[PDB]
Structure formats: structure tokens, C-alpha cells
Amino acid sequence: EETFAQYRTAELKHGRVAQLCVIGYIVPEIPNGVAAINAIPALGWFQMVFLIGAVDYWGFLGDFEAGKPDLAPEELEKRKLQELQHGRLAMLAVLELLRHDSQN
Amino acid sequence: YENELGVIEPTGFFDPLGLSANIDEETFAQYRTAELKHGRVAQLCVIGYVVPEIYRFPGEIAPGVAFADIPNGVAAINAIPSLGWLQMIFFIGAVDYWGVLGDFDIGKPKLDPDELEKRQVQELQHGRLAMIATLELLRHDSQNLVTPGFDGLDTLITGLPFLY
Amino acid sequence: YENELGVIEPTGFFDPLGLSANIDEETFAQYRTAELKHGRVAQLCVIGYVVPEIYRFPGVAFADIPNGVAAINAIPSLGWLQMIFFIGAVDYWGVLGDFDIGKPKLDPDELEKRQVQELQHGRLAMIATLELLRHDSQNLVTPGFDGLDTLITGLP
Amino acid sequence: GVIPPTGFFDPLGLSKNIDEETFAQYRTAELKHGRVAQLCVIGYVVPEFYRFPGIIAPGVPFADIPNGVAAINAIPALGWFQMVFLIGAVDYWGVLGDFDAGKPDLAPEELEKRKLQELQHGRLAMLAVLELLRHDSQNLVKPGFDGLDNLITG
Amino acid sequence: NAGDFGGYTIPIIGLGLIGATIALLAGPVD
Amino acid sequence: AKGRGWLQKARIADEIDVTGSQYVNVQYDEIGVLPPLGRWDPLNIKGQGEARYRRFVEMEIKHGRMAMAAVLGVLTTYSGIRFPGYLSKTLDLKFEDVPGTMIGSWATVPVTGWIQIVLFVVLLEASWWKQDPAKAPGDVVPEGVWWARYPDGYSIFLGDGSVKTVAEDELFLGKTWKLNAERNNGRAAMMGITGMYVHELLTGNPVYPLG
Amino acid sequence: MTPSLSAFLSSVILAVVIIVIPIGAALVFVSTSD
Amino acid sequence: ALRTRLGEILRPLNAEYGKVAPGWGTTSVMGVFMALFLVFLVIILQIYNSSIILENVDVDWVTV
Ligand code: CLA
Ligand code: CLA
Ligand code: CLA
Ligand code: CLA
Ligand SMILES: CC(=O)O[C@H]1CC(C)(C)C(=C=C/C(C)=C/C=C/C(C)=C/C=C/C=C(C)/C=C/C=C(\C)C(=O)C[C@@]23O[C@]2(C)C[C@@H](O)CC3(C)C)[C@](C)(O)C1
Ligand code: KC1
Ligand code: KC1
């Protein structure tokens, strides 16, 4: 129960970050990939990671009523099951892009 | 919250801005957990500003840069590759949230209850002092990076001239 | 004072320092009057930074007056003082100059949706004029401090 | 404010029609006008022999400032903004004019006496100021209008 | 050299102070 | 309550007799009344009135306090000790160019600078540090302001971590000792600062004949 | 830290570690035992 | 016994005869200071004896 809730929350969260990475990977071609993380100074990552961590833990800029409509319970679980299926679809997709950058 | 840990002789209960009068319990527990971890990190930060001036690690963080080439201070941040810094954050972040390499049964001594609260106030007092120390260390180091010898104290660890 | 106008979802009852804690009802009305009046000037200050560029006014030339903090030295100090006291006529005594007497509409549910909208547009303007005053003053002492024009919007 | 030389001095009908609640407002208006005027009389004669050491604005020393109304335009307006607003904090809030030591513990009988020459000393000072910035303003626009060319006639 | 460290001032003041305190404390209590 | 009970265990026990029994405790009651002269009141100010005598106690305390600061002020300044930088950047007044002489420092320091010193004293005297009639004479620092206080039974700490409570009558550490030492150093500096003024008036040396 | 200074520090540490502390511990043990 | 002006002044300084701290008192702190004093005395003896040679300390007659 208690352990399953942590696995449940991690499954959703891992599926999310994979989704924003995919859309976040096509805007740059419209400083490319893993070559970019070394190009940006680590002081830049210190500011950005902690800003994500504020949203991740406290919900500073990521917990608002505009993102949670009332809707209805019949399609809520239908959309929430859809949240995982798209999350998994982006999850298995992601590894091929990082392995493409001169890896196995 | 006057009858809590952290009340010590020279000042007593120190809260001039009233940041704890109208707060609840859970924010105070978060405040003390923040104070304890801010002090613990600042205590290790003071140690981490002096030890590399004496001894360095022999290997390499990354194949490009070795430990000895890394300049001590805030100049260290840009010298080491950014991918290495991101791995350290999540490594100590795993111990921060879960405690993968912490919460061990050894290293947590059970003592007299009055002795335990005394050592806990000592832990807070050292952390509070080192938090003040980390501000002076960072202020002297960062300003000396922008303008070399801005304040005229040149050396990184000004108060310990036997290191240089 | 949580049950009062100005509470809006991102901040809620924003009071970290606790300046509204343990104060009487007269001080909060005083705080509210200072909240409103500071805001109202800041909206007009934002207007008074862009509109004196396109439109001018008819012993100092009105067009030759540089917009911003350089206007203070250009206008004579005696010429500045009767403007200061003229605003005080409408401030303390309330001898309305912008209007004749003042004809405000009162709609019950819109009153909450206007008064709250009044102070927070002023709150945003108060946050905005800090940047407007910073860019003008820092560039005046050092021409091209950040290497930018006077007004970040490009329609001038 | 009734003094033995004159009586209820009101030639233009400014105290009969008007009510006594707002008549107290003219009393503060009269007292504050005299208090400004009393300080302006001494404040007009002091800069002749003594001036402040440094400068008031960058490039504007205290020494090379005309004592009369030309000092208004000599000091920059932003300097005047700071001075006027600090005065108004005392004027409205009573920031630096509310200390209890300035309210002496006086018995009744000499109190309403002392308030009587307070507005009376300010009363002549209002007219004395009205001559001070008069002769200053005439001589500032055109030099030597009156027979004398001195800001202080003594 | 005779005027160094105040000259004879401190020994004169010091000796006078000791003599005055002894005379002050010389009397009986009551 | 929390983190305070370690003091009671670290507190050293009460002093006893060497035999084992409890120790038997077995003129100078007012601050300023001490061994050498006792109550030295040649003008009998205490006989003038209780309100008049309380005025003179606060008056001696205040006069003595500024005299100690004034004496220490001249001694460092006449030695050549200076703050770094400019006293007046507009007037091009470095600290090094301000004379160590009392009259020299009184004249060279700008009157605008002297006003700032005076207005700080006026602000302290009129609003911030007022004498409370209920409070002790000289106790003008309000609560909340960080001040070194020595109440009866305050704690001092030894090498092993043991705690000793200091009574008011303790030598060098009690409140009455520090209260008496403030009055006396104030009295000595009151004669000192006036003597340094007149010696410098006559000779130009505040510490004449030293130097 | 010269070799003579290091030798002195080692001598003090050695005296405490293998003379003072073992004799004191043995004394405490035999005093509580007997 | 005779009461004098100075005797009344010095009276509280001699009024605590036989007063002790119960038990061992501060003997543990005293033993630490004695042990530190013993180590300090051995240091300055061995410096004089040249059994401890410091870095910039030369035990010989100095100039100025
Ligand atoms: C975690 C998701 C993610 C990842 C891994 C990437 C990948 C990358 N992006 Mg990127 N991005 C994302 C999200 C992501 N993107 C999205 C959703 C968009 C569409 C708006 C973009 C548009 C974008 C821009 C405009 C740029 C990059 C750049 C980069 C590269 C530099 C490293 C970096 O992350 O800087 C991140 C730096 C940013 C400025 C990220 C922008 C994300 C914005 C602020 C939206 C996110 C906030 C929030 C979720 C929005 C909703 C709030 C509310 C309105 C509901 C790297 C290859 C930079 C690079 O130089 O190109 C190679 C660069 O200039 N991306
Ligand atoms: C992260 C820092 C941090 C936090 C969260 C706390 C939290 C706490 N402290 Mg505390 N402390 C700290 C650091 C901290 N401390 C430092 C550095 C000192 C030395 C000055 C102290 C000295 C101290 C004493 C002596 C006592 C406390 C006490 C407390 C408790 C109640 C007071 C309160 O409401 O705090 C709320 C804290 C915050 C809301 C965070 C501080 C935010 C302010 C605005 C920061 C101000 C700027 C700062 C000075 C940096 C300046 C940067 C410069 C460039 C300008 C609470 C558990 C009391 C106690 O422990 O419990 C009974 C108590 O007696 N503190
Ligand atoms: C992924 C890594 C990770 C994880 C999972 C955690 C886990 C946690 N931490 Mg750690 N932590 C990390 C990284 C991590 N930490 C690192 C690298 C350090 C330094 C060794 C710390 C030291 C630390 C402290 C001192 C505290 C925590 C707290 C927390 C908790 C609150 C969540 C949070 O971080 O707030 C998100 C962060 C914020 C809301 C503040 C971010 C802004 C600050 C000022 C940092 C930014 C500094 C900036 C980059 C430097 C430039 C400054 C300027 C020029 C821009 C959470 C349990 C807090 C706690 O336990 O209770 C409150 C707490 O006080 N952690
Ligand atoms: C003149 C400015 C001013 C004044 C008088 C007030 C007063 C008030 N505000 Mg409000 N506010 C302001 C500015 C102000 N605010 C700004 C700029 C914002 C946008 C961030 C807000 C957003 C806001 C929210 C979201 C809420 C309030 C609320 C309130 C009320 C209760 C809180 C309080 O006691 O504040 C007292 C404040 C003061 C006495 C002024 C403090 C000024 C500090 C010391 C300045 C600190 C420095 C500042 C950041 C500028 C730095 C510049 C730098 C270059 C030095 C009260 C009527 C609450 C409400 O509306 O009513 C229930 C509430 O929920 N305010
Ligand atoms: C006769 C009579 O009684 O009728 C009256 C009664 C009645 C009803 C009361 C009336 C009223 C009241 C009125 C007129 C109210 C008006 C409301 C008003 C005027 C509200 C503006 C918003 C300002 C903001 C928030 C500015 C933000 C600006 C922002 C976001 C900035 O960043 C500033 C900026 O500079 C930067 C930093 C960079 C630049 O690149 C861009 C700009 C310049 C934008 C009327 C209509 O008069 C009629
Ligand atoms: C921005 C700063 C500021 C504010 C906020 C302010 C406020 C008020 N002033 Mg003050 N005032 C100045 C500045 C400010 N005044 C300055 C620099 C001077 C010296 C030149 C000055 C002198 C007088 C005189 C002679 C009188 C006077 C009064 C009032 C009163 C009525 C409002 C009004 O009439 O404008 C309100 C509280 C009169 C009074 O109380 O009558 C009922 C009155 O007779 N003032
Ligand atoms: C087991 C899986 C694993 C792989 C496959 C892997 C690989 C690389 N790591 Mg290593 N790593 C760990 C595990 C793994 N690492 C662990 C458990 C820790 C915590 C002790 C850790 C810490 C650091 C730090 C501090 C740095 C670091 C680096 C590299 C880099 C070196 C070649 C390169 O330069 O690309 C290659 C990719 C450096 C870096 O990223 O520099 C850009 C760097 O500074 N790592």
C-alpha cells in the first residue's frame, strides 16, 4: 500500500518528464542535446534544477486550480488511464534518442 | 515557540521579525528541519573551503580535468564539467529524500535525554555559526573572482594564513 | 485580515513578514489607503513615461524637457512646487481636479470585481515602475549602462 | 485669540456665517501659518552671517546660494522633493514632532496665556514675512526698486 | 630624560594620593 | 523548557562548610556608596528631596557615561588611531587629516557632521532611550535591544562545562560590582575629560605632561 | 612540523596511550574487582 | 578586637573562612590545567635543551 503509492507516483512522474522532453527536443531545431548540458555552466543548472525542485516538492508554480478542472468521474479515470498510456509511450521512446548519441 | 530547542543564553528566544508567532506546528517543524539542514550543509561547506587547500583527491572527476587543476572556491563550479555536478546533486539528493546512504543504526548513539537535547542545541549553534561563516566565505570569494584583490585580502582563506 | 479584498489565488493572503499582524482597524484602513494611492500613482507613472514622447505640451520649452528623471532638473524648482501643492489640494482636501466632482457607478457584485481589480493593476504597476525608475536612473549616471533605449517597447 | 488692543476682529464676515467646527480648522491654519512665518523670520536673517559647510547638491555649495527667494531655484527640485516630503511627514503623521518633552506640564492659568502670544507672535510674523519676501521679490526681478538694497534692514 | 613619562608629576601625584588616603583612613570608626 | 534542563545537571552545588554543615552567610547599600568615602554628600542632596535625589543619580550616571566615552574618544584620537577612508567626501575630509586635538577635532569636523551626532543623541534622549520612572536610574535601554545584562543568579560557564550562578554581591561579576564600577569610572572620567580640556587649553596637549 | 617536534608529539601520545591509560584502566579494574 | 576604617573596608574579604565546594568540585579542570602546564614546561625545556628544534627558532644569542 504505502510502497505502491510511491511506485504509483513515480510511474506518473517518469511518464510526464519524458513527454516534455520530446516536445522540448523538437523546438530547438525549429547546444543541441547531451552536448548542450556541458555547454551550459553548472551555475545555470544550479538555478534551474532548484526551480524545478521547488515545483516538484512544494508546488510553487505548478499547483493551481486552472490545471484541475471539475470534469466528471467517468472520463477522469479514462483520461488518467490515458495519462499513463501516453506516459509509457513517451517513456520507451526516450531511451532511443539518448542511445542514438554515440551509444549502444 | 519560546519553550523549544534553540533557545540559548546570549540572546534567548530570537525572533525579532515575528516569523514564528502566528505560524502552526508543521511549518515550525519544517523551519527547524530547514535550520538543521542549512546548518549541517554550511558546516560541511566551511570544512570544504579549507581541506582542498591542504589535500586534494588523486584521481579525475572527468577525463578532461583532474582534482588538482580545479581552483578552490566558486571558481570550482565552472571548472568541473556540468554533467558531473548534476550527478552529485542527485546522489546527495537520494540521501536527502530517501536516505540511501544514511539512517544507519550505527552512528546514532542513544544518550541521556537531557544530554541529547544539549547536544542538539550544540548542533544547532554550530550550524547557525557556520551559516554566518559561509556568507563571509562566499562574499570574499565571489567578489575576489570579479575584481581580483577587491577587498585587499587576496587569499581565499583569509583567517588561516598558515595554509599559505 | 484574511477576509478582505485583495486575496487572489497565486499568493492568497500574502503577508510573510506579518506587517498586518496585530494592528487595529484604523491602521489597516490606513494601510489600504496607502496600498491604493501608491498603486494609483504607479499606473499614472507608467502612462507618464510613454505618452509624453508622442505628445508634447504647448519660461521653459515643454518639448525640450527630457522625459524621465531628467525632467526634474529641467523644470524650475519653484515651478515644481506649485504642482506638488496642487496635487495636495486633491489629496488632503479632496478638491477634485481630474474630475469636476466625481461620478462613480456602484454595482454590488461588480464592486468586488472592480476594487480588487483596481489595487492589483496598481500592484503590478508598482512592481513595474521600479524597473522603469531603475532603467532611467542607472542610464542617466552611466549612458548605456545596459545598452538599451529608454522604453523597452518598440513602438516609439 | 482675543487680545485687549482690538476685539473680535472680523471685518469681511468670515466668522459669523461659518460654523465653529470648521472655525477650529482655520485655527490650526492660522497657528501653522504663524509657526511657519515665525521660523521664516529667523530663517531669513541667519544665512547672512552663517552658512552650512558642505554642498547641498552635486556642484551646488551652500556658500554660493542667494539668501532670498532665488534659493528656491538654486537648489534642484529633487532636493526640494526630499525636504518637502520630510516636512509633510512631520506635518501629517507627526513623525518628529510628537515627543512628550515638547508638551510641558503646565498648570491651566499660564497655559491659555502662553497660547495667546503664540498665535500673536505668529500673527505679526505673518505680516513681517509678508514684507520679507516682498522686498526680496521686488529687488530680485529688477535691481534696486526700493531705496534700500539690503534683504535685512538691520 | 628628567621630563620623560610626565616628569616628576606622576610620582608627586602618586605619593600625595597615598599620603592622603592613609590620613583619610587613620581616624577611628566612630 | 526544551534544551534547558542540562543546566541544572551542570550546575555546581551550593557551597558548604568544610566540616560538612551548611555554610552560615554572616553602610554600602546604594550604587556609588563604596568603601573609601562611603556616602560622600557634602551638599546634602539626599536631604533636598526624594525626587531631587533621583534626578541627581540619573544626572551623575548620564554625565559619567558621556565622560567615559569622551575620555576614550580623545585617547584613541590623540594617539593617531583613525577610521579608514573619508569623513567627508564632499569636503575632501579624510580621517587622517582631522587633528587629534580636542579643539582641533571639534573644529575640523563639519557642522553638518556634528548635527548628525547631536540628532542621534536627541533621538536617543527623547524617544528611544527614555528613563522609565519605574525602572532603575540609568536603565534606559529597552527590552528587545541586545544589551549585556547581569541579573541576580545569571549563569557563567567553567572549563568542564559546569555552570555557576553569580549573585549580585559577587566580586568582579555581580551586578553591584559592575554598577559601582560604571559610576566610579564615570566619576573619574568626569574629572578626566575636564582636566584634558583645560590642559589642552593651556598647553595644546590633552594628556599633559604625558607625550 | 620538524622531525624533532613530531617525535615529541609522538612521545607524548605514546606515553598517554601505552603507559598512563593502561595503568589507570588496570587500576580501575582491580579496584572494582577486589 | 579593634575596628579600624580600613579593617571595616577589608572585612568581607576575610569573612569566608572554611567555605568549600562540596565533593570533588573543580578538581577535574585543575588536573587538566596541571597536565597542560606539565606538557608546556617540557616543551620549553626541550627547546632550551635543543631536543626540540623548531623551524625558525635558533637557540643562540640574537642581535637587536
Ligand atoms: C524537461 C523538458 C525539456 C528538455 C529536456 C528540453 C531540452 C532542451 N531544451 Mg527545451 N523546451 C521545453 C522543455 C524541454 N526542453 C518545452 C516544453 C519547450 C516549448 C516551449 C521548450 C523550448 C526550448 C527553448 C526555447 C530552448 C530550449 C533549449 C533546450 C536545450 C538546453 C537545455 C535545457 O533544458 O534548457 C531549458 C531552457 C529553457 C528556456 C526551457 C524552456 C521551457 C519553458 C520555459 C516552458 C516550461 C515552463 C512550464 C512547464 C510551462 C507551463 C507553465 C504554465 C504556462 C502552464 C535542451 C536540449 C534551449 C537551447 O538553447 O536550445 C538547444 C532553448 O533556448 N527548449
Ligand atoms: C535557513 C536559515 C534558518 C531557518 C529556516 C531558521 C529557523 C528558525 N530559527 Mg534560527 N538562525 C539561523 C538560520 C535559520 N533559522 C542563522 C544563520 C542564525 C544566526 C543569526 C540563527 C539564529 C537563531 C536563534 C538564536 C534562534 C533561532 C530560532 C529559529 C526558529 C524560530 C525563528 C523563525 O521564525 O525562523 C524563520 C526563518 C525563516 C523564515 C528564514 C529566514 C528568512 C529571512 C528573511 C532571511 C533574511 C536574510 C538573511 C539575513 C541573509 C542576508 C543576505 C545578505 C546578502 C543581505 C526557527 C526554527 C529560535 C529557535 O531555534 O527556536 C525556539 C532561536 O532561539 N535562530
Ligand atoms: C535532486 C536533489 C535533491 C532532493 C530530492 C532534495 C530533497 C529535499 N531537500 Mg536538499 N539539497 C540538494 C538537492 C536535493 N534535495 C543539494 C544539492 C543541497 C546542498 C548540498 C541540498 C541541501 C538542502 C537544504 C539546505 C534544504 C534542503 C531541503 C530539501 C527538501 C525540500 C525540497 C527542496 O529542495 O526545495 C526546493 C528549493 C527551494 C524551494 C529553494 C531554492 C532556492 C535556494 C536559494 C537555492 C538556490 C541557490 C542558487 C542556485 C545559487 C545562486 C543564487 C543566486 C545567484 C541565484 C527535500 C526533502 C530543505 C528542507 O529540508 O526543508 C525546508 C532545506 O532547507 N536540501
Ligand atoms: C506602498 C505599498 C504597499 C502597501 C501600503 C501595502 C499594504 C497592504 N497590502 Mg499589499 N502589495 C504591494 C505594496 C503594498 N502593500 C506590492 C508592490 C504588491 C505586489 C507584490 C502587493 C501585493 C499584496 C497582496 C497579494 C496582498 C497585499 C495585502 C496588503 C495589506 C496587508 C499586508 C500588509 O500589512 O502590508 C504592509 C506593507 C507595508 C507597510 C509596506 C512595506 C514596504 C516594505 C518594507 C518594502 C520592502 C522592499 C520592497 C520589496 C521594495 C524594494 C526596493 C529596493 C530597490 C530597495 C495592506 C493593505 C493583502 C491584501 O491585499 O489585504 C488583505 C494581500 O493579500 N499586498
Ligand atoms: C467624469 C468621471 O467622473 O468619470 C470618470 C470616472 C471613472 C470611471 C472612475 C474613470 C476612471 C478611472 C481610470 C481612468 C482608470 C484607468 C485605469 C488604468 C489607466 C490602468 C492601467 C494599467 C497600468 C499598468 C498595470 C501598467 C503596467 C505596465 C507594465 C506591465 C510594464 O511593464 C511597464 C512598461 O514600462 C515597461 C517596464 C517596459 C515597456 O516596454 C512597457 C511598459 C511601458 C508597459 C474615468 C474613465 O476617468 C471616468
Ligand atoms: C508633501 C508634504 C506635505 C504634506 C503631506 C502637508 C500636509 C498638510 N499641510 Mg503642510 N506644508 C508643507 C508640506 C506638506 N504639508 C511644507 C513644505 C510647508 C512649508 C512651506 C507647509 C506649510 C503649511 C502651512 C502654513 C499649512 C499647512 C497645512 C497642511 C495640512 C492641510 C493640507 C493643506 O492645506 O495643503 C496638511 C496636513 C495647513 C493646515 O493645517 O490648515 C488646515 C496650513 O495652514 N502646511
Ligand atoms: C554506473 C553507471 C555510470 C555510468 C555509465 C557513468 C558514466 C560517466 N560518469 Mg559517472 N557516476 C556514477 C555512475 C556512472 N557514471 C556514480 C554512481 C557516481 C557517484 C559516485 C558518479 C559521479 C560522477 C561525477 C562527479 C562525474 C561523473 C562523470 C561520468 C562520465 C565520465 C566520462 C565523460 O566525461 O563523459 C561518464 C559518462 C563525469 C562527467 O559527467 O563529465 C562530463 C563527472 O564529472 N560521474
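All values below were derived from every heavy atom in this structure, side-chain atoms included, with hydrogens, water molecules and symmetry-related copies excluded. All chains are named by letter (A, B, ...) in the order of the sequence lines, taking the proteins before the strands, and each is independently numbered beginning at 1.
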So, B:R128 side chain and B:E35 main chain: donor-acceptor pair closer than 3.5 Å or not? no
Checking the side chain of B:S82 only, and the main-chain atoms of A:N38 only, is there a donor and an acceptor separated by less than 3.5 Å? no
Counting only N and O atoms by type, is there a donor-acceptor contact under 3.5 Å from the side chain of F:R82 to the main-chain atoms of F:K94? no
Contact check, side chains of G:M1 and G:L9, non-hydrogen atoms, under 4.5 Å: yes
To the nearest 0.5 Å, how far apart are CD1 in F:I117 and OG1 in F:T112? 9.5 Å
Check against side-chain contact (heavy atoms from CB on, under 4.5 Å), B:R32 and B:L124: CA-CA 9 Å; B:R32 165 64 32 86; B:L124 285 154; 3.7 Å; yes
Is it true that a side-chain atom of B:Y164 and a backbone atom of B:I157 form a donor plus acceptor pair closer than 3.5 Å? yes
Quick check on B:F57: does its CZ atom have over 12 non-hydrogen neighbours (other residues, nucleotides or ligands) under 6.0 Å away? no
Here the pair of heavy atoms bringing F:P110 nearest to D:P53 is CB-CG, 4.1 Å
Closest non-hydrogen contact found for B:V46 with B:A133 is CG2-CB, 3.8 Å
Any side-chain to backbone donor/acceptor pair from B:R56 onto B:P52? Under 3.5 Å, distance only. yes
Measure across D:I55 and D:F62 and return the closest heavy-atom pair with its distance rounded to 0.1 Å. O-CE1, 3.2 Å
Give me the ring orientation class for B:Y1 and B:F28: parallel if the planes are under 30° apart, tilted from 30 to 60°, perpendicular past 60°. parallel
Is any side-chain heavy atom of F:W146 less than 4.5 Å from a side-chain heavy atom of B:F14? yes
Is it the case that over 12 heavy atoms from other parts of the model lie below 6.0 angstrom from the OH atom of C:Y49? yes
Side chains of B:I70 and B:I61 in contact at under 4.5 Å (non-hydrogen atoms): yes
Distance, nearest 0.5 Å, that separates OG1 of B:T134 from CD of B:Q43: 10.0 Å
Does any non-hydrogen side-chain atom of F:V122 lie less than 4.5 Å from one of F:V118? yes
Is it the case that over 12 heavy atoms from other parts of the model lie below 6.0 angstrom from the CH2 atom of F:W114? yes
side-chain contact (heavy atoms from CB on, under 4.5 Å) evaluation trace for F:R149 with F:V141: CA-CA 10 Å; F:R149 305 248 172 226; F:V141 171; 3.4 Å; yes
If you measure from OG1 on F:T108 to CG on F:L91, what distance do you get to the nearest 0.5 Å? 11.5 Å
Judged by atom type as modelled, is there a donor-acceptor pair below 3.5 Å linking the side chain of B:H140 to the main-chain atoms of B:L153? no
Report yes if the side chains of C:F13 and C:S20 come closer than 4.5 Å at any heavy-atom pair, otherwise no. yes
Does atom CG of C:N22 have more than 12 heavy-atom neighbours from other groups under 6.0 Å away? no
Counting only heavy atoms not in A:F64, do more than 12 sit closer than 6.0 Å to its CZ atom? yes
Let's go through B:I77 and A:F46 carefully: what are the C-alpha distance in whole Å and the side-chain angles of both, what is the deciding distance for side-chain contact (heavy atoms from CB on, under 4.5 Å) to 0.1 Å, and is it a yes or a no? CA-CA 10 Å; B:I77 312 179; A:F46 288 168; 3.6 Å; yes
Can you measure from CG (C:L132) to OG1 (C:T150) and round to the nearest 0.5 angstrom? 8.0 Å
Crowding at CZ, F:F157 (>12 non-hydrogen neighbours, <6.0 Å): yes
Between B:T27 and B:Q30, is the side-chain contact (heavy atoms from CB on, under 4.5 Å) condition met? List the steps. CA-CA 5 Å; B:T27 36; B:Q30 175 230 354; 3.9 Å; yes
Could you check if a side-chain atom of B:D141 sits within less than 4.5 angstrom of a side-chain atom of B:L156, using non-hydrogen atoms only? yes
State the CG-CD distance between F:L119 and F:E125, to the nearest 0.5 angstrom. 13.5 Å
Note, C:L44 side chain near C:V41 side chain (heavy atom, < 4.5 Å): no
Got more than 12 heavy atoms from elsewhere within 6.0 Å of CZ, F:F95? yes
Determine whether a donor-acceptor pair (N or O, by modelled atom type, separation under 3.5 Å) exists between the side chain of C:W80 and the backbone of D:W80. no
Is the shortest heavy-atom distance from the side chain of B:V121 to the side chain of B:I8 under 4.5 Å? yes
Whether the side chain of B:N144 engages the backbone of B:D154 through a donor-acceptor N/O pair (distance < 3.5 Å, no angle test) should be reported. yes
Which heavy atom of B:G12 sits nearest to which heavy atom of B:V7, and what is that distance? C-CG1, 3.5 Å
Any chance you could measure F:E96, atom CD, to F:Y86, atom OH, to the nearest 0.5 Å? 9.0 Å
What's the verdict on salt bridge (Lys or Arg N to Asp or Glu O under 4.0 Å) for B:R40 and B:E123, showing C-alpha distance, side-chain angles and the deciding distance? CA-CA 8 Å; B:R40 275 170 178 165; B:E123 182 165 47; 3.1 Å; yes
Where do A:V55 and A:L61 come nearest, in terms of heavy atoms and distance? CG2-N, 3.5 Å
List the atom of B:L5, the atom of B:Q120, and the distance in Å for their closest heavy-atom pair. CD1-NE2, 3.3 Å
Take atom CD of C:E131 as the centre, draw a 6.0 Å sphere, and report whether it contains more than 12 heavy atoms from other residues, nucleotides or ligands. yes
